[PDB]
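Here the structure is laid out as structure tokens; the discussion comes afterwards.
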Amino acid sequence: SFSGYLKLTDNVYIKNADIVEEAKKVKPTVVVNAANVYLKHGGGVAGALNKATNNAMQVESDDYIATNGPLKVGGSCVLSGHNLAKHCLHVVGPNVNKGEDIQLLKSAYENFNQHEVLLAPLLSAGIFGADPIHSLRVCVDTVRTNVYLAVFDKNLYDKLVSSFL
Ligand SMILES: CCCC(=O)NCc1nc2ccccc2[nH]1
């Protein structure tokens, strides 16, 4: 199962890890992607997860959007986890860099409650522009299921742990 995680709360765990490397090692039931509404996995966590699937995630995602249209900001969809996980839960956190409502971050984290255990990044962090300290706070105050957070950046991981209330 998951190893080397620091326990933050009853159900939230954290580790300084590359989520792609973590997914390839654990092969969890669910890996969360930091998706956008179009499921265009160009960069950040999404670009990295998609590249690890040899673009199979993007081919599947394009078929999903052709059938269903875009997701909502704060919404999600369950697709294949390919070589990374049984499933990928594509969750759209608000992109502050595109002027989206930060208040939608709680709605985005609520999607995690439909899964007993997840490997996930901090939603709306990184290239999505939100404060990762705030994202972690919303995560611990919203997610009730078991969430294993992978934080790519060591310096950010240390800041998140050392500032955790
Ligand atoms: C082959 C190793 C995996 C890989 O593609 N690393 C690049 C990378 N990992 C990230 C994690 C979070 C956000 C952006 C990331 N970019």
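The chains in the structure tokens are called A, B, ... from first to last as shown; in each chain the residues are counted from 1, and the ligands are counted from 1 in the order shown.
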Could you give me the residues within 8 Å of ligand 1, counting only C-alpha atoms and all ligand atoms, as a PDB file with N, CA and C atoms, in the first residue's frame?
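The resulting out-v6.pdb:
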ATOM      1  N   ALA A  17       6.451  13.706  -3.131  1.00  0.00           N
ATOM      2  CA  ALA A  17       6.593  12.699  -4.153  1.00  0.00           C
ATOM      3  C   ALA A  17       6.026  13.232  -5.455  1.00  0.00           C
ATOM      4  N   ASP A  18       6.527  12.664  -6.543  1.00  0.00           N
ATOM      5  CA  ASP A  18       6.032  12.885  -7.872  1.00  0.00           C
ATOM      6  C   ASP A  18       4.835  11.923  -7.970  1.00  0.00           C
ATOM      7  N   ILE A  19       3.628  12.468  -8.175  1.00  0.00           N
ATOM      8  CA  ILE A  19       2.424  11.661  -8.230  1.00  0.00           C
ATOM      9  C   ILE A  19       2.454  10.618  -9.335  1.00  0.00           C
ATOM     10  N   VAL A  20       3.173  10.863 -10.455  1.00  0.00           N
ATOM     11  CA  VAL A  20       3.279   9.845 -11.509  1.00  0.00           C
ATOM     12  C   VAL A  20       4.094   8.667 -10.989  1.00  0.00           C
ATOM     13  N   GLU A  21       5.258   8.944 -10.357  1.00  0.00           N
ATOM     14  CA  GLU A  21       6.092   7.891  -9.806  1.00  0.00           C
ATOM     15  C   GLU A  21       5.378   7.146  -8.682  1.00  0.00           C
ATOM     16  N   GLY A  43      -0.188  20.227 -19.237  1.00  0.00           N
ATOM     17  CA  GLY A  43       0.912  20.521 -18.336  1.00  0.00           C
ATOM     18  C   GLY A  43       0.529  20.286 -16.902  1.00  0.00           C
ATOM     19  N   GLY A  44       1.419  20.635 -15.977  1.00  0.00           N
ATOM     20  CA  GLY A  44       1.194  20.372 -14.558  1.00  0.00           C
ATOM     21  C   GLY A  44       1.026  18.887 -14.299  1.00  0.00           C
ATOM     22  N   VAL A  45       0.250  18.549 -13.273  1.00  0.00           N
ATOM     23  CA  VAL A  45      -0.049  17.164 -12.964  1.00  0.00           C
ATOM     24  C   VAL A  45      -0.697  16.449 -14.145  1.00  0.00           C
ATOM     25  N   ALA A  46      -1.634  17.127 -14.806  1.00  0.00           N
ATOM     26  CA  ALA A  46      -2.345  16.482 -15.915  1.00  0.00           C
ATOM     27  C   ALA A  46      -1.438  16.118 -17.073  1.00  0.00           C
ATOM     28  N   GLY A  47      -0.553  17.016 -17.456  1.00  0.00           N
ATOM     29  CA  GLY A  47       0.402  16.743 -18.521  1.00  0.00           C
ATOM     30  C   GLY A  47       1.341  15.610 -18.160  1.00  0.00           C
ATOM     31  N   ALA A  48       1.748  15.559 -16.884  1.00  0.00           N
ATOM     32  CA  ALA A  48       2.642  14.520 -16.429  1.00  0.00           C
ATOM     33  C   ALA A  48       1.950  13.161 -16.367  1.00  0.00           C
ATOM     34  N   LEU A  49       0.703  13.097 -15.830  1.00  0.00           N
ATOM     35  CA  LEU A  49      -0.038  11.832 -15.795  1.00  0.00           C
ATOM     36  C   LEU A  49      -0.305  11.351 -17.213  1.00  0.00           C
ATOM     37  N   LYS A  51       1.361  12.030 -20.027  1.00  0.00           N
ATOM     38  CA  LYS A  51       2.599  11.574 -20.656  1.00  0.00           C
ATOM     39  C   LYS A  51       2.958  10.159 -20.169  1.00  0.00           C
ATOM     40  N   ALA A  52       2.729   9.864 -18.879  1.00  0.00           N
ATOM     41  CA  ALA A  52       3.007   8.521 -18.338  1.00  0.00           C
ATOM     42  C   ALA A  52       2.130   7.433 -18.965  1.00  0.00           C
ATOM     43  N   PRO A 121      -3.189  15.017  -5.937  1.00  0.00           N
ATOM     44  CA  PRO A 121      -2.404  16.236  -5.764  1.00  0.00           C
ATOM     45  C   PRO A 121      -3.268  17.261  -4.997  1.00  0.00           C
ATOM     46  N   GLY A 126      -0.069  24.582  -7.876  1.00  0.00           N
ATOM     47  CA  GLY A 126       0.779  24.574  -9.053  1.00  0.00           C
ATOM     48  C   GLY A 126       0.332  25.587 -10.070  1.00  0.00           C
ATOM     49  N   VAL A 151       2.987  15.818  -2.961  1.00  0.00           N
ATOM     50  CA  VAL A 151       3.397  17.189  -3.238  1.00  0.00           C
ATOM     51  C   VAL A 151       4.742  17.110  -3.912  1.00  0.00           C
ATOM     52  N   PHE A 152       4.792  17.483  -5.176  1.00  0.00           N
ATOM     53  CA  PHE A 152       6.022  17.355  -5.964  1.00  0.00           C
ATOM     54  C   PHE A 152       7.218  18.147  -5.430  1.00  0.00           C
TER      55      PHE A 152
END
At a cut-off of 9 Å, can you tabulate as CSV every residue of region 14-129 of chain A near region 133-147 of chain A together with its closest atom pair and the distance in Å to one decimal, using only C-alpha atoms and ordering rows by chain then number?
residue,atom,partner,partner_atom,distance
A:14,CA,A:147,CA,8.3
A:105,CA,A:138,CA,7.3
A:106,CA,A:138,CA,6.1
A:107,CA,A:142,CA,8.6
A:109,CA,A:139,CA,6.1
A:110,CA,A:142,CA,6.3
A:111,CA,A:143,CA,8.4
A:112,CA,A:143,CA,6.3
A:113,CA,A:145,CA,5.5
A:114,CA,A:145,CA,8.0
A:115,CA,A:145,CA,6.7
A:116,CA,A:145,CA,5.2
A:117,CA,A:146,CA,4.5
A:118,CA,A:147,CA,5.0
A:119,CA,A:147,CA,6.1
A:120,CA,A:147,CA,6.8
A:122,CA,A:135,CA,6.0
A:123,CA,A:135,CA,6.3
A:124,CA,A:135,CA,6.9
A:125,CA,A:135,CA,6.9
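You can rank A:85, A:97, A:132, A:127 by their closest distance to residue 149 (chain A) using only C-alpha atoms, and at the top of that list sits A:132.
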Members of chain A assigned helix (DSSP H, G or I) by DSSP, as a PyMOL selection string
chain A and resi 19-26+44-52+56-68+96-98+104-114+126-128+132-142+154-163
Excluding same-chain residues fewer than 6 positions from residue 50 (chain A), what lies within 7 Å of it counting only C-alpha atoms, as a CSV table (one decimal) with N, CA and C atoms, in the first residue's frame?
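Contents of result-v3.csv, freshly written:
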chain,number,residue,atom,x,y,z
A,41,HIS,N,-4.9,17.7,-21.2
A,41,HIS,CA,-3.9,17.4,-20.2
A,41,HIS,C,-2.5,17.9,-20.7
A,57,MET,N,-4.5,8.5,-21.9
A,57,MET,CA,-5.4,9.3,-21.1
A,57,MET,C,-6.1,10.4,-22.0
A,58,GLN,N,-5.3,11.1,-22.8
A,58,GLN,CA,-5.8,12.2,-23.7
A,58,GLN,C,-6.7,11.6,-24.7
Point-to-point distance from CA of residue 15 (chain A) to CA of residue 154 (chain A), Å rounded to tenths:
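Calculated distance between CA of residue 15 (chain A) and CA of residue 154 (chain A) is 9.2 Å.
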Pick from A:22, A:158, A:131, A:10 nearest to residue 94 (chain A), counting only C-alpha atoms:
A:131
Taking the backbone alone, and naming residues the way the document does, which bits of region 13-105 of chain A are strand (DSSP E or B) by DSSP, as a PyMOL selection string?
chain A and resi 13-16+30-35+76-80+87-92
Write the residues of the preceding selection, restricted to N, CA and C atoms, as a short mmCIF file (atom, residue, chain, number, x, y, z; two decimals), in the first residue's frame.
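Printed below is result-v3.cif as written:
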data_model
loop_
_atom_site.label_atom_id
_atom_site.label_comp_id
_atom_site.auth_asym_id
_atom_site.auth_seq_id
_atom_site.Cartn_x
_atom_site.Cartn_y
_atom_site.Cartn_z
N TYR A 13 -3.14 12.22 4.59
CA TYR A 13 -1.73 11.87 4.63
C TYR A 13 -1.00 12.65 3.54
N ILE A 14 0.31 12.92 3.74
CA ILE A 14 1.06 13.72 2.78
C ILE A 14 2.46 13.21 2.59
N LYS A 15 3.01 13.36 1.39
CA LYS A 15 4.35 12.90 1.08
C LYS A 15 4.94 13.77 -0.01
N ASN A 16 6.26 13.99 0.03
CA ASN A 16 6.95 14.75 -1.02
C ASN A 16 7.24 13.71 -2.06
N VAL A 30 -7.61 4.64 -7.12
CA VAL A 30 -7.91 5.93 -7.71
C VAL A 30 -6.72 6.86 -7.63
N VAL A 31 -6.32 7.41 -8.77
CA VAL A 31 -5.40 8.53 -8.81
C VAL A 31 -6.23 9.76 -9.27
N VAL A 32 -6.09 10.89 -8.58
CA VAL A 32 -6.79 12.11 -8.96
C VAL A 32 -5.92 12.90 -9.92
N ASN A 33 -6.54 13.35 -11.02
CA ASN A 33 -5.87 14.25 -11.93
C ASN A 33 -6.38 15.67 -11.66
N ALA A 34 -5.46 16.62 -11.74
CA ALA A 34 -5.76 18.06 -11.67
C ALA A 34 -6.18 18.47 -13.09
N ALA A 35 -7.44 18.17 -13.41
CA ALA A 35 -7.97 18.36 -14.73
C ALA A 35 -8.50 19.77 -14.98
N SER A 76 -16.20 16.59 -11.67
CA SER A 76 -15.27 15.50 -11.93
C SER A 76 -15.87 14.46 -12.83
N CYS A 77 -15.02 13.58 -13.31
CA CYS A 77 -15.47 12.40 -13.99
C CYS A 77 -14.50 11.27 -13.68
N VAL A 78 -14.99 10.05 -13.68
CA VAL A 78 -14.16 8.87 -13.49
C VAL A 78 -13.83 8.24 -14.83
N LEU A 79 -12.55 8.14 -15.15
CA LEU A 79 -12.13 7.48 -16.37
C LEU A 79 -11.10 6.37 -15.99
N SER A 80 -10.50 5.73 -16.97
CA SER A 80 -9.52 4.70 -16.71
C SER A 80 -8.28 5.30 -16.06
N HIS A 87 -8.55 3.51 -11.69
CA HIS A 87 -9.31 4.63 -12.20
C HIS A 87 -8.55 5.92 -12.03
N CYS A 88 -8.90 6.89 -12.87
CA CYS A 88 -8.45 8.24 -12.69
C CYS A 88 -9.68 9.09 -12.44
N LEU A 89 -9.70 9.77 -11.29
CA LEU A 89 -10.77 10.71 -11.01
C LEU A 89 -10.25 12.09 -11.48
N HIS A 90 -10.79 12.58 -12.60
CA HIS A 90 -10.38 13.88 -13.13
C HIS A 90 -11.20 14.93 -12.44
N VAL A 91 -10.57 15.74 -11.59
CA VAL A 91 -11.27 16.73 -10.81
C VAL A 91 -10.84 18.12 -11.26
N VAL A 92 -11.80 19.01 -11.50
CA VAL A 92 -11.52 20.37 -11.93
C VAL A 92 -11.57 21.32 -10.77
#
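Here CA of residue 130 (chain A) and CA of residue 102 (chain A) stand 7.6 Å from one another.
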Pairwise distance, CA of residue 81 (chain A) with CA of residue 160 (chain A), equals 27.5 Å
